[PDB]
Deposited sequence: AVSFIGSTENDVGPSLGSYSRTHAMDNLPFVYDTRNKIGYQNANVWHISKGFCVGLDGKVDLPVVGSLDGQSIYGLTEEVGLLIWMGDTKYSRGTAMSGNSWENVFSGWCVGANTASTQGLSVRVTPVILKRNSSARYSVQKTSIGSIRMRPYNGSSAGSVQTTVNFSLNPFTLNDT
C-alpha cells in the first residue's frame, strides 16, 4: 500500500539566509535545500521512484545541466532526487525527468520514500549585494512501477525557494 505523509508545500533553504563567496560565478553545499526521508509510506511490495520538474526559465548551462533564472543577475543550478543529497540528479529543461530510478519495499515490510532538493546560487550579471524573493522552483512526484498503483494518493509535492541574499 501507499500513503502520503509529507507536506504539499516546501520551502528550500532558511528564510532570509545570507551567503558569501569571473561569470558565471557559482556559489553553498546543502544549505539551500530541502530534505525529507519520509514523504510517502510504502509497504508490501510497493515499487516507487521519483520524477522531478523545474518550472524556472532556462537561461544557460554549465557542464551538462541547466542554469535556471531568478533575476537577470541571479541564477541557480538545481538537483532533485532521493533522500540523501549525494544522490541528487542534476536538472535540465522544464519537463518531468526521472530523478530516482526507484526501489521496491519488502513483500512483508513497511518503509518510506523520501526526496531532496538542492540548489546553488549563480551570479549571471553583477551590479554590491544580490537579493532574491520567495520563488516557486518546481515539483517532485512519486513514480510507482512494476504494476504498483498510486490509487488516489497524493503523488506530487511542490518546492519554493525561500528568500536569500548573496554578498560579493
Inset, instruction - Compare the deposited sequence with the modelled residues and state the ranges that are missing C-alpha positions. - result: 22 to 26, 33, 134 to 135, 177
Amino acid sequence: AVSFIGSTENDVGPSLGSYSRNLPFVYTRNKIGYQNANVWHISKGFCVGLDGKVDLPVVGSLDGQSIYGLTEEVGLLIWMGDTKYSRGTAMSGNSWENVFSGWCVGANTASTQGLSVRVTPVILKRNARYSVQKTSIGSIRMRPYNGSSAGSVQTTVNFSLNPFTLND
From here on, numbers count along this sequence of modelled residues.
Legend entry - Entries skipping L23: at least a third of other ones: yes
Legend entry - 111 to 119 set against 28 to 36, stretch whose average Cα temperature factor tops the other in the entry: 28 to 36
Legend entry - Which of 60 to 68 and 47 to 55 has higher mean CA B factor, as the PDB entry lists it: 60 to 68
Legend entry - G102 by Cα B-factor - lowest, middle or highest third of the modelled chain: lowest
Inset, instruction - Among all modelled residues of this chain, ranked by Cα B factor, put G17 in the bottom, middle or top third, i.e. lowest, middle or highest. - result: middle
Legend entry - B-factor third for the C-alpha atom of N10 within its chain: highest
Inset, instruction - Sorting the chain's modelled residues by C-alpha B-factor, tell me whether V132 ends up in the lowest, middle or highest third. - result: highest
Inset, instruction - Ordered by C-alpha B-factor within the chain, which third holds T156? Give me lowest, middle or highest, please. - result: lowest
